[PDB]
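Numbering (PDB author numbering), first residue to last: 2 to 108.
We put the CB at the ideal spot given by N, CA and C, even for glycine.
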Amino acid sequence: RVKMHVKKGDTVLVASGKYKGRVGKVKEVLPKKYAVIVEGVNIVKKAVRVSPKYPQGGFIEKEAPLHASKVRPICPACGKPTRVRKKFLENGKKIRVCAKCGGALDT
RNA sequence: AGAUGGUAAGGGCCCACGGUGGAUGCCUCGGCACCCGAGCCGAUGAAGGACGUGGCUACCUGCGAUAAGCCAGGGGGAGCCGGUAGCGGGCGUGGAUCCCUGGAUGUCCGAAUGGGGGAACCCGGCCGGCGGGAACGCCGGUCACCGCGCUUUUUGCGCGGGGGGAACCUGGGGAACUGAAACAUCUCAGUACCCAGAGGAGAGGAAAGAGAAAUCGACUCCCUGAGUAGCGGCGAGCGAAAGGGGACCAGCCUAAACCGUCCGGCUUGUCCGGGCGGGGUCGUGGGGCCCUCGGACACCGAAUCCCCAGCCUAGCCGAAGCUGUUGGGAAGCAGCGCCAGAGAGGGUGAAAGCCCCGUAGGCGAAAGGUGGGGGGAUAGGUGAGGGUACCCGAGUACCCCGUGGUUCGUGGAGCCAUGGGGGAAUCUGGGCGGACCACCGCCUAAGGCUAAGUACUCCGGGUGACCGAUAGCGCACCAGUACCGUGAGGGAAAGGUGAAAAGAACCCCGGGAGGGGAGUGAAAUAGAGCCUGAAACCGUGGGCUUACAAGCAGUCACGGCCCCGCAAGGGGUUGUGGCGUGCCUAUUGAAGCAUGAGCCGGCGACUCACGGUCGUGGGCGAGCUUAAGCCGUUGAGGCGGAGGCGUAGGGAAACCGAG
RNA sequence: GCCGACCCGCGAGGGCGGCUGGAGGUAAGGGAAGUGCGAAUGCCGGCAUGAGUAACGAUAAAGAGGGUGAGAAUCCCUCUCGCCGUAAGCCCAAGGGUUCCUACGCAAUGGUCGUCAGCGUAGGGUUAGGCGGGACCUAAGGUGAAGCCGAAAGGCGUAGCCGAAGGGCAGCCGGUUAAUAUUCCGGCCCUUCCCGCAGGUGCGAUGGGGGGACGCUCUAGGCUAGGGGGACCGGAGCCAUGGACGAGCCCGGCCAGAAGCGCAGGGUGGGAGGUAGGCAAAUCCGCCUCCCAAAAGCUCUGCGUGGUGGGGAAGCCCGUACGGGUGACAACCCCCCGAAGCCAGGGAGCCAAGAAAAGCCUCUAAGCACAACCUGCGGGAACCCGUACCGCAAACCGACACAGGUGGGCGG
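See the structure below:
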């Protein structure tokens, strides 16, 4: 209950510490623990030579987690938080003046 | 022959490097206190457990043959199938999780309720259904006893009944320690606990009162009155009400008189009893009955009837920022800027009003729940007089006896309450004004109901000159768990990798265990019950010293050895010698062959409330100050003279009065 | 937190700097207190000391070989000795809960060990018409409509009901898995309830009686459980070292079983009449009179036997395991010994005077009389809880593989 952040599954840059100012994609909200997984923390893992799936060379990964509350919106600009207008019918959380919500697909 | 430094099995002393071990500091899904809101759960089967329940599943948690969930209503917008990772396979913008509501399933146990019983298992009567289904078996209904009201007694129909409860509340039972420095009488106390029951309150409740004034006007609550007045082996000590100021304000239903009516009987009779109805309610007393004035269109009108706003059971929008920069990390630092009905705070690799949640501000109910805030209705209430002589609460007042409560322990003992015995009256009847009598007042007994103001915290929300893992709830955590006892009962330990799992692939010795590199990142001296790592504590290396040596173990001086220091100084050490009866408690007095302590860490003891009392810091000054409460605030104060202290004392008292 | 030989304070402290560490800290001026520990045979915690010493559970005992494996005194295969043998062997309930069995495993748990194991891990295993128990009965006892009483809470408590290893009540032999087997398999024996066929009866009660049915001691005859000897039965072997093929040594030489057959014993006298007991309902028993008999019948049991299913050893072979074979066409006979057990309610004696209720036998009420009931044969149905594993001990009561204790049966 009340798990609402403001990080949509879309595309959004990073105003962080490590990968400050970094371009990241759909981010994949995971989950309620308040974390992201965009295209930032690309680390290698220390798994074993798991004879089938991790063949004879176990020492690899892909995209590693990272916290949510560090990434920020995008439109005809960059960041600038999203603001919601009730559109009478549906929703419209365009960007700080410079428009476009995010849900898209005839939104 | 003579002379004199020197070896260390091992010991001590120092520094350094470690190990056990946990202290500390700091953090905090816990707890704490109070304020405020809230306040009933059950036979429609509860509080509370048991067996289960998931595809792989011990616990938890949630739930129940429909078992981590079922259908509809609202919400809401991107994730979802729980903590607990994985296998595995689904969920959705033909809008899933989840929060709010209504109901569905709700096996077995607990008032347990067909019967039995050692709670959770074993039998059964009737009504019906499933198997070929009568023999065996399953399933839905129903089946205990209490009260009370109708039924033709009959069989029945019916509303209700039990168990629970954090604390408070009423009533029935009701100690002891302890105090009186003894101990009965008195205390503690009518307290603890036992029992009964009622409820958000309880209880209480309209005067047979108060109390002395032709004075007031249910009940509970606070303060004041007041440690006053009395009670008392006049000791312990216990300790009233009235008045005042405030909080809250509310008043009522019946019986008897008379009238009717249906029932019962009976010595039919202008009737003894009864069901129901009309009737009537009092303090200049009212009411009955007949007559007298005219009694009315109105006048009031809820505690009950209903409707709605407000209130909750989820949520929703929501003001303002960047570029460089040291650092693994910025919110830090610099430059320029913005918001504010919002500079509360939390987190975000650190310290942010403008990154994320959120604050101020504004909004929200299809279904449930709540509602005098206010509108409507409804039950019911409204008069002046005369006669009459009817009623006005009975085994009661009243008397006595044995007594409980009251300030009253037997007092001169009232009053209230009443266990035994006697034993009334109906407004010239009657209780009380503290023996009792006169009087004069006061109040109308022996039928019942009444909100609010007060109390209490299982519960939720807010706050803090409240604790930070020995403190705190016993429990921060898988705690009413382990384990201890048959038993009632007792009651532990136990937090913290990092910002993030990135929680260590590969080689190497090794059965493994555990290590040596790699590799991880800021940090691996953060390496997995791992932050920070005191001491006792046992090791390791090294610097000084000790194998002719008598000791509360050190102190002063002198000596050498080693390490520092530019000098002069200094540290570490101990060869010699001068000296030298451990610490505490208690004692006239002890090192004590008097007591207490193995060693280190953490806990651990003169407080507080009211009154009193000497001063002392101020303000006022023959004046000083308010308690309860009310208003305001969101750490904002302010009204509020009721009272207490003071202006005069003397005497037991009347009273006198600077005497 | 660690360190210090600097500075300041009379001191308690404070500053200082170095190292360590990683996000909190709070002056001057005031204020608030659970505030300053060395002791309390003080509370919790941790680590020494004795001391590498006491002890390492019965003095019944241990020796080798081979394997296993990183490792064997301590696990496993063999040989060797020794200690029990009214036990320390074998059951039974009680109790405890997975210890059992199989595969893998040793960090802890066994007073060392550890390749073992009651320890760890997953997997397996616990069958019932008949054994025990419940839809049967009661005991002493508890509860408990009614009755009574008590301030209450509660006490006694008739009927009723629960309540036992006591009653009664239907299953015995051998096989078989890794483990349960009176459960499953097979040879057989019988019980339960429904439907029908056939015969027969007045049926039929929770109500009446009969019965069950009972004490201690001595003890009867017969039978067996168990036990011994045999020239004889069957067989795989064996002559040693001085003798010997002797009736030589060694092995075993059965179990269950309906009808029927034989042996013993227990229960009981048949018939008639009347009855104002059984809290009348009676033909039933009690009872008063008669006839007959005392054998014997009737009857329940116990034994032996029986058609038949089943068993079967020493030795040796392989097999580590468990055992698979061997094991034979197997032998399965005779003389003796003799139960405390069986025939049960047997005989005798004694004084202490020796349960109750249902099954069952039985009489009728109410009522039914198509029914119901009894028998017989057939054909259908017969459930719910138990069993693994330890049980004179290491799994049970004693905090522990304690030398303690724990009722009964076999016990050569």
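### Reference residue 65, options 5, 16, 29, 13, closest by Cα
29
### Task
Kindly indicate which residue of 38, 15, 53, 34 has the alpha-carbon position closest to the one of residue 2.
34
### Query
Cα-Cα, which of 55, 46, 77, 4 is closest to residue 62?
46
### As assigned by DSSP and simplified to three states, the class of residue 14
strand
### Query
Going by Cα to Cα distance, which pick from 80, 100, 67 is closest to residue 43?
67
### Message
Assuming the contact rule is C-beta atoms closer than 8 Å, residue 84 and residue 71 should be a hit. Round their C-beta distance to whole Å, please.
### Response
Wrong, their Cβ atoms sit about 20 Å apart, outside the cutoff.
### Message
Going by DSSP in three states, residue 91 sits in which element: helix, strand or coil?
### Response
coil
### Query
Among residues of its own chain, excluding the 5 on either side of residue 41, which ones have a beta-carbon nearer than 7 Å to its beta-carbon?
15, 20, 23, 25, 67
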